[PDB]
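> how would this look folded up:
(one chain, ligands or ions: 1)
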Amino acid sequence: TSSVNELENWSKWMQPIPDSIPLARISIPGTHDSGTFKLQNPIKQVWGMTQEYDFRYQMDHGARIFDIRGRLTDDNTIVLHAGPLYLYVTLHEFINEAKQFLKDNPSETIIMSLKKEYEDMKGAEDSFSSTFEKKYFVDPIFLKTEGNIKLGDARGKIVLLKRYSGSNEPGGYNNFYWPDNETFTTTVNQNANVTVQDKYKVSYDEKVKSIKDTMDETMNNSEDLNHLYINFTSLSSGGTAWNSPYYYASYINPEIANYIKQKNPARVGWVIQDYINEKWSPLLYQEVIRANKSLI
Ligand SMILES: O[C@H]1[C@H](O)[C@H](O)[C@H](O)[C@@H](O)[C@H]1O
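Numbering: from 1, shown residues only. Below, you will see the structure:
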């Protein structure tokens, strides 16, 4: 008993997908720079703000991947940053919002990308990777198994995507070489391959063209269960209302939403977008979620 109807519930949309499907096969929405939603100062906004609603809102609109950027403080906690900007959000804060969401919707999983976003503060006693793994990761809410992670094992857990070096604890997707401002393909673990389009800081026209190109490769490779396709629709700021990430997102999100509607693909990858909201139609995350219809 599973139906495409259940894909319309953005809060439980992973429920009808068979537990045996690998997460990499599933088309999943994500948020880029997920924790920038408390910024108010206007200069901070045009340069660094990428979301306007809190974590629970993002999850309730179907996002399951979260781009968590951390900094180690002098009291040995990890807080959220966007470049050099403090975000007034802590790492525990996000995990607790994830915990609450997973308790309310135990059919779902949360994929958390963690990256070290800025140099450690001098007063800290340990390294970023060690602090994160000893004080946050050993928590049982994080799934500790590896391989080509299946949804069934991830339900009710947080699945870590390591974008930091130094890991000593198994679990999640291993760190891998992530060249700056490129589209690239490498290995995740033995037997799993990954393709990432992260051309931030590129002309608008090259950005849209790279989103579509990499989605095309996902589309035409829909039944390769081992290959991760990660597609950042976000674009870095130019410093003004004419090129902030808000301006760009107000055009790219519906542009890419139409592209999916138009192509009715069986797979579109892990689409990480700025400003998930209800302002621009068609809704990108909605079209990404519906692209899983063929899995039911
Ligand atoms: O400058 C950052 C950084 O280089 C990250 O690696 C990338 O993922 C983008 O978010 C970009 O904004």
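
> just how off-centre is stretch 247-259 within its chain?
17 Å (CA atoms, centre = their mean, to the nearest Å).

> how about it, does it get close to the ligand?
No: Stretch 247-259 does not reach the ligand (CB under 6 Å from any ligand atom); its nearest approach is 12.3 Å. All C-beta spots, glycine's among them, are computed from the backbone N, C-alpha and C.

> for that stretch, buried residues please.
Neighbour-count burial for stretch 247-259 flags 247, 248, 249, 250, 252, 253, 254, 255, 256, 257, 259 (criterion: 16 or more other CB atoms under 10 Å).

> how far away from the center of its chain is stretch 24-38?
Worked out by CA atoms, centre = their mean, stretch 24-38 lies 3 Å from the chain centre.

> my bad, should have said stretch 9-20
On the basis of CA atoms, centre = their mean, stretch 9-20 sits 17 Å off its chain's mean C-alpha point.

> who's in contact with it?
Identification of contacts with stretch 9-20 by CB atoms under 8 Å, 6 or more residues apart in numbering yields 2-7, 26, 59-62, 64, 104-105, 107-109, 150-152, 155, 285-286, 289, 292, 295-296.

> go again with 6 Å.
The contact list for stretch 9-20 (CB atoms under 6 Å, 6 or more residues apart in numbering) reads 2, 6-7, 60-62, 105, 107-108, 150-152, 289, 295-296.

> what's the answer for stretch 77-84, then?
Taking CB under 6 Å, 6+ apart as the rule, stretch 77-84 contacts 33, 35-36, 48, 69-73, 87, 89-91, 117-118.

> stretch 278-293 too?
Outside stretch 278-293, the residues within contact range by CB under 6 Å, 6+ apart are 4, 7, 13, 27, 29, 61-62, 253-254, 256-257, 260-261, 265, 268, 271, 273, 276.

> likewise for stretch 127-139?
72, 116, 120, 164, 166, 169.

> if we use 8 Å, what do you get?
For stretch 127-139, contacts defined as CB under 8 Å, 6+ apart pick out 70, 72, 76-78, 91-92, 95, 114, 116, 120, 124, 126, 160, 164-169, 171.

> buried ones among those residues?
70, 72, 77-78, 91, 95, 114, 116, 120, 124, 160, 164, 167, 169, 171.
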